[PDB]
2 protein chains.
Amino acid sequence: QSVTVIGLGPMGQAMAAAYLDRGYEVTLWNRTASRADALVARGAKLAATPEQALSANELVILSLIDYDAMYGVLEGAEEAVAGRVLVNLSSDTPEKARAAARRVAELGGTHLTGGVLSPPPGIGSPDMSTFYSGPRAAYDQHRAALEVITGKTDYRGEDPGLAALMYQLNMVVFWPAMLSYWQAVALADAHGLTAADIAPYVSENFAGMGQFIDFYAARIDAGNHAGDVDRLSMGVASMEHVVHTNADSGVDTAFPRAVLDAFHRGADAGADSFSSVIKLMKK
Amino acid sequence: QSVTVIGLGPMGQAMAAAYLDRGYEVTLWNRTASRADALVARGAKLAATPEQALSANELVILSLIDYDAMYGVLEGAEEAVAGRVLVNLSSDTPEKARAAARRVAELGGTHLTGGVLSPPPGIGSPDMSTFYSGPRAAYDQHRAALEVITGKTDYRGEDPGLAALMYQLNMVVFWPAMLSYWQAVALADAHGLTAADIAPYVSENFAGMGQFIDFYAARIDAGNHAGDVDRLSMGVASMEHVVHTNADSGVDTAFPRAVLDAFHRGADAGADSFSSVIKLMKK
């Protein structure tokens, strides 16, 4: 059909190209015009202002830095928001997504919050996924168009903060997982091992994690933090060994001591399951 | 055939039962005799001292607290060590494994270091694995017997510290991965979501991690920490959002700030790839 893309960083440039690849009439906008060059040469239309970019289509795809940058685009484009569906793909907090949705509805438009679980070359893949939250009717109406961004789309609820929350929940896991790999690479280095040497082991470790999360999910939800299969004190001692191995090799112990600190703190409550630390993390 | 198991905590009790299940003539020892009860009732023989436990067989399986506890068992059993293969499965540092091997060889015996990647109910499973390091001839001779402990056995090298290193490399990843899950559970709680609600998402996230580790392994080993697919500054900002989301919900920010701290530190070098922090972690 036809669509608008505002924000042409690597994410938005990949979204526009996926829309052009699918035969969509594409209208664009970016603060730096020289980022739309390749897209314009392919047949995308560059708007001179955000107003013209907005009023060109009912579906408007936003891929800006954050929600704070979004208020700048809309700063004078007020009337073009009415009767339009604004899909905000800028990864920020659930609170900032709720404040963005509230302002858009006030302007007579609808806000869909998106959490894209894809790097830019994954944009348009049938295997990638995006979390969506906000008004169900707008999600349903434009679902086929959001499938252009990622083949899979996952509607979480009416709450604007929901897709943002899911996005953060993902990053809570990803960043430390990758950082634990940077820690593994650094230790294995002081021992003549390369990153590709430990890659199969680390991949296999992450691949088998789901068995543990399912086993633990059932016990947490029931309120069971036993000693049946594991004890926190042994976790503390295992982390002391990880800290010692890294310290012995001259490798930095900042990330492993941070993990040890959470286990040591907790034993001060308790030497039940290593899951018991959750009760110290919750509000 | 016939075998000895010293140390009857849940790990050693599961090892002895796997040996009895396979028709092995089993000789035992533990500091607390009441932990061998069930095993003796099944046909295992309880020794009165470590000396008698050692001299009963050429293959001796050790499952003690650590290497420091091992010197106590051997404290007066000196002569029973000669001509015996001692498999030390006590998870401790590579340095303590090298000091344990050195003492055993001095006593005329051979030390095999083991790193069991299994909880006690996984003991004897064809799907589980154990890392082994030390003299190749002893590993080769007794491989069928070590397959009773875990179906898969992975000989890493002649170095006593090697299997211990591999064991730590595993724990470097496991403990933070599980802790990131405890962090995810805590955040999702302040938002009406259960652990089983987020379990599929977290499992899927870990399952897809191997793609990232393989992509990054090749670039690290070559010395490439570009900006091609990612920038450290965006990682810092993404972690700031994870920290803010948790702080907004009243959830503890200790584990996410520790991750943010490693990214923020690093940008002080550099805003190339988020992999660039490795050069600050190495010796």
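Between the listed residues B:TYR201, B:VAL259, B:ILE278, the Cα displaced farthest toward the positive end of the dipole of the stretch B:143-283, a dipole computed from Cβ unit charges relative to the Cα centre, is found at B:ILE278.
Using only side-chain charges placed at the Cβ, +1 for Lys and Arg and -1 for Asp and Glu, the dipole size of the stretch A:1-157 relative to its Cα centre rounds to 200 debye. Note: relative contact order over the stretch A:1-157, using C-alpha pairs below 8 Å and six or more positions apart, is 20 percent. In chain B, the calculated helix contribution to ellipticity at 222 nm averages -16000 deg cm²/dmol per residue, counting -39,500 (n - 2.57) for every DSSP H run with n ≥ 4. Straight-distance candidates among the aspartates and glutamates for linking to B:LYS282, with alpha-carbon spacing under 15 Å and chain neighbours fewer than 8 residues away dropped: A:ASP189, A:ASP248, A:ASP252, B:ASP221. Remark: label point of A:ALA48 defined 7 Å out from Cα along the Cα-Cβ vector; separations to the same position in other copies 10.4 nm, ascending.
With just the Cα atoms defining each centre, how far is the stretch B:113-152 from the stretch B:25-47? Give it in Å. If we compute the Cα centre of each part, the gap is 21 Å. Here chain B is treated with +1 on each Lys and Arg Cβ and -1 on each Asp and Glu Cβ, and its dipole about the Cα centre works out to around 460 debye. Here A:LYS45 is the anchor, and the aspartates and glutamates within straight C-alpha reach of less than 18 Å, apart from those fewer than 8 places off in the same chain, are A:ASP21, A:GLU25, A:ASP37, A:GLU58. Using bins of 20 Å that start at zero, the share of Cα-Cα pairs per bin across the protein assembly as shown amounts to 20, 45, 25, 9, 1, in whole %. Across the stretch A:72-167, the mean sequence separation of Cα contacts (distance under 8 Å, 6 or more residues apart), normalised by length, yields a relative contact order of 30 percent. Distances between equivalent label points of B:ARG35 across the copies, with each point positioned 7 Å along Cα→Cβ, amount to 6.2 nm, shortest listed first.
Inter-copy label distances for B:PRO121: 4.2 nm (label point placed 7 Å from Cα along Cα→Cβ; shortest first).
Think of the stretch A:1-157 as a dipole: +1 on every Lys or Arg Cβ, -1 on every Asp or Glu Cβ, centred on the Cα centre; then among A:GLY115, A:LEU54, A:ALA41, A:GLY115 lies furthest on the positive end. Ignoring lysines fewer than eight residues from B:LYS152 along the same chain, the ones with Cα atoms less than 26 angstrom from its Cα are B:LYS96.
Quick reminder, even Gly has a Cβ in these numbers, built from the backbone with ideal geometry, and neighbours come from all protein chains shown. The numbers here are math on the coordinates, done by the rules we state, and not lab data.
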